[PDB]
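A single chain, nothing else alongside it, follows as structure tokens in the form deposited in one PDB entry.
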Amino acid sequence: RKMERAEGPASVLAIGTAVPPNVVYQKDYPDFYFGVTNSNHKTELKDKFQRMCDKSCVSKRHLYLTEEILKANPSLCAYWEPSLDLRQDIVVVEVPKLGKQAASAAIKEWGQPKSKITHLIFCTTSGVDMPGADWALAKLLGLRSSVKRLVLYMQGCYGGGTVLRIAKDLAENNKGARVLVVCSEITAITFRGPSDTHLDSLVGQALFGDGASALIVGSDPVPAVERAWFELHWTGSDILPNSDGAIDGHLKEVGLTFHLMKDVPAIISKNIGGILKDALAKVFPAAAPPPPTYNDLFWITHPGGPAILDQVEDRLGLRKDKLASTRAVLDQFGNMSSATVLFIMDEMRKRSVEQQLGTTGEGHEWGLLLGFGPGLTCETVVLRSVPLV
């Protein structure tokens, strides 16, 4: 082997997060949104949106777009006005910048010099460019010029699973590799005024927030030097049946536009049990210990919306505390697309340390990270926690 491979499982060695400083509380969002888009006269539409926010299970969100920025760029406040060039000019700069803030936090926690990063995966649904956000982030951080980069554009809400799926193989197949994984999402690419033609875009206006998360992933952590928090053990991807057109997203001259053509919560909740039962059977094969029960796993579930969480919890019979870490991130940050599951991973390990639980996964040994997005694609990662003190 001309490139030596690693031995142990790919492991999360650090996690950083970053959000835009400007907060909008959900109780204020209907007035803010319909006010800044000159849409207060659309009284019926505004009451529909109010109900959406009331049921969103989102208390606040961090948003790059401020009233000041929107007032300065009225094509963003319009509905269906040509705006892509303006949106790109924003997010091609701001997405790597936010990712840099998260990456610097992860690197500081990790403790090694930044030149030990050998690989970079940058995932975003906000903007595209050449060179890409991966190159821009490498420049902002001053990574080695020979860092092996990969940019994952237009991924959508399953991308947090995808980056782990890829980072697993990069770390395990390359001795000494240390992979910087960044997911950065900024809703300036999709923000638009309200319309009763496109009630789909209203859902996103209630749920989507901004944020970036960064990991250091590597195999064979140096004893007493690096610290593993979660291990990546099994990965799977599935296109769910009868889901054509469930979630479409098009990059148009008016920006990024989303379309929901099917009952996404019903498709996810109806199919997830068989996916997880299969995954757990592969990880714990009979020939031998049986799979843990769902209530004895920890759960890092992409919170696409509250209905997905409610219907998954109901269909699988999950105890009401299993999705608590997931719901906490949804409540405080909204749906941050691909970045969200890494925020939940951070929330979970932090709660576990603070409450002196016996593992980084809320006291459980094994766990599941799930991403859902266009496809309809389900990304499944089986994780192992690490024991605490």
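We number the residues from 1 along the sequence you see.
Only in words, not in the display: the form deposited with a small molecule bound, which the text now covers.
Residues within 4.5 angstroms of the small molecule in the entry with it bound, judged by any non-hydrogen atom, belong to 50 to 58 and to none of the other stretches in 318 to 326, 50 to 58, 32 to 40, 356 to 364.
Not one of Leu280, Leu370 and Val381 places a heavy atom within 4.5 Å of the small molecule in the entry with it bound. For the options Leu76, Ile308, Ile117, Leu297, the one in contact with the small molecule in the entry with it bound, meaning a heavy atom within 4.5 Å, is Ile308.
For the options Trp135, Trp80, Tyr153, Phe258, the residue carrying a heavy atom within 4.5 angstroms of the small molecule in the entry with it bound is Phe258. The closest heavy atom approach of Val128 to the small molecule in the entry with it bound falls outside 4.5 Å. Under a 4.5 angstroms non-hydrogen atom cutoff, the small molecule in the entry with it bound lacks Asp85 among its neighbouring residues. Among heavy atoms of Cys157, some come within 4.5 Å of the small molecule in the entry with it bound. Among heavy atoms of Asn335, some come within 4.5 Å of the small molecule in the entry with it bound.
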